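Given as structure tokens, the chain that follows is alone and in the form deposited in one PDB entry.
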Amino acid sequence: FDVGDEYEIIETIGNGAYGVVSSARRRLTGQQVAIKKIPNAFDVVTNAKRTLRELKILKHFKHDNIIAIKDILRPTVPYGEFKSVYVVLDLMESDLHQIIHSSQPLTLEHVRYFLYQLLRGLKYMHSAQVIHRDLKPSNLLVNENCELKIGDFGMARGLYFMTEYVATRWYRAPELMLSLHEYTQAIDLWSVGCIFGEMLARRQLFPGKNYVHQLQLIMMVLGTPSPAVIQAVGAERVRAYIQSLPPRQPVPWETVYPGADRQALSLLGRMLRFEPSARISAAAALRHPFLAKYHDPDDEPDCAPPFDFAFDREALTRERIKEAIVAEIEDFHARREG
């Protein structure tokens, strides 16, 4: 690490393919933060593009249920030697994966409040025309006061070919799996369904071992998909596999989750569907009786203007992307002078 005399590192808390997250605190004030070192940020084209996407998306959003950038450290060395980017972020106590899968409490009210906040965050996000495409419990961060923030926007796109490799298997929407040529904000609401069902039972809803077994377990609850959907499948082998299986009626959610709440299973049923148009939106989900306790439309804003993904469609070299990223770091600091 290399954060200067402004911050103070404590302990490493997270690590992925393109990020080393660590807790810290600012010395002038004392408040706790998360610093995320992106090492060798400009060495690979895909990694540089993800980095510039996250910076622009997180700079666009200002919402209590979306991770915010608190600061981006400027280059300490001259430009040519600037290899590692440091991003200062909201520090959060844990994530929902850890919360669900532990000896911690998770009563119905926990699920209701967590779900409300996720959906509150998605309403704002979706109004900006941004699909997250990778919502899972481990990307839903939770703080000491039970506030839930959505994080990791590197997979996020707006409104390609190999769609079945978008996201993680267990939370991947059918339309991506089967390539149904209708990819919208609806993708996220499938994932929210899986998250919701996971909180109710404290185990994964559709834990598939492989591509085919993922389709099995989904069809064991939802039943066999309709002929309209079946014909919409692009690959010959998948369509052939579904048609070989016998017809199956949908199992009621009241039987899938026996002891669970009646109003919860109602809203779950509106999320977990084969047809993406058949799924309830985030905005309509907030209007459901299950979330009546927390719902207030004056406290649930949209995002305006929407997010432009045109920058990501450009064919830029590693250096041009480094220039683009450095421009954002400059723009961030220039925006905080008024």
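Each residue number is its position in the shown sequence, starting from 1. Here, rigid core means the biggest group of C-alpha atoms that superpose within 1.5 Å across both forms.
Notebook entry, point to check: How many residues sit between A240 and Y241 in the deposited sequence but have no coordinates: none, 1 to 3, 4 to 9, or 10 or more?
Noted result: Going from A240 to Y241, the model skips no residues of the deposited sequence.
Next item on the list: Can you let me know which of the two, 163-171 or 144-152, has the higher average C-alpha B-factor in the entry?
Entry: In the deposited entry, the stretch with the higher C-alpha B-factor mean is 163-171.
Notebook entry, point to check: As stated in the PDB record, which stretch has the larger average Cα B-factor, 265-273 or 34-42?
Noted result: Looking at the recorded C-alpha B-factors, 265-273 comes out higher on average.
Notebook entry, point to check: Going by the deposited entry, which of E319, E330, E314, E11 has the highest CA temperature factor?
Noted result: If I rank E319, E330, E314, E11 by C-alpha B-factor, first place goes to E11.
Notebook entry, point to check: Which has the highest CA B-factor per the PDB entry: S226, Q185, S94, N139?
Noted result: Answer for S226, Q185, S94, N139: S226, with the highest C-alpha B-factor.
Margin query: Lowest, middle or highest third: which one holds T107 when the chain's residues are ordered by CA B-factor from the entry?
Written below: It falls in the middle third of the chain.
Next item on the list: Check where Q204 lands among this chain's C-alpha B-factors and tell me if it's the lowest, middle or highest third.
Entry: Ranked within chain, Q204 CA B lands in the middle tercile.
Next item on the list: Taking the chain's C-alpha temperature factors as the reference, tell me which third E198 falls into: lowest, middle or highest.
Entry: As the PDB entry reports it, the C-alpha B-factor of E198 lands in the middle third of its chain.
Check: Lowest, middle or highest third: where is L73 by C-alpha B factor in its chain?
Finding: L73: CA B-factor falls in the middle third of its chain.
Notebook entry, point to check: With respect to C-alpha B-factor, does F82 fall in the lowest, middle or highest third of the chain as deposited?
Noted result: For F82, the deposited C-alpha B-factor lands in the middle third.
There is another form of this protein, the form deposited in another entry, and it is not shown here; the text below is about that form.
Notebook entry, point to check: So, does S94 move by 2 Å or more at the CA between this form and the one not shown, with the core held fixed?
Noted result: Superposed on the core, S94 moves its C-alpha less than 2 Å between this form and the one not shown.
Note to self: Quick check: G121 between this form and the one not shown - does its CA shift reach 2 Å or more after fitting the rigid core?
What the structure shows: Superposed on the core, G121 moves its C-alpha less than 2 Å between this form and the one not shown.
Check: Aligning on the rigid core, do we see the C-alpha of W170 shift 2 angstroms or more between this form and the one not shown?
Finding: Not so; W170 is displaced by less than 2 Å.
Next item on the list: Would you mind telling me if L265 and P227 are closer or farther apart in the other form than in the shown form, C-alpha to C-alpha, with a 3 Å or larger change?
Entry: The answer is closer, because the C-alphas of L265 and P227 approach each other in the other form by 3 Å or more.
Next item on the list: Just say closer or farther for the C-alpha distance from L268 to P227 in the other form, relative to the shown form; it changes by 3 Å or more.
Entry: Compared with the shown chain, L268-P227 is closer in the other form.
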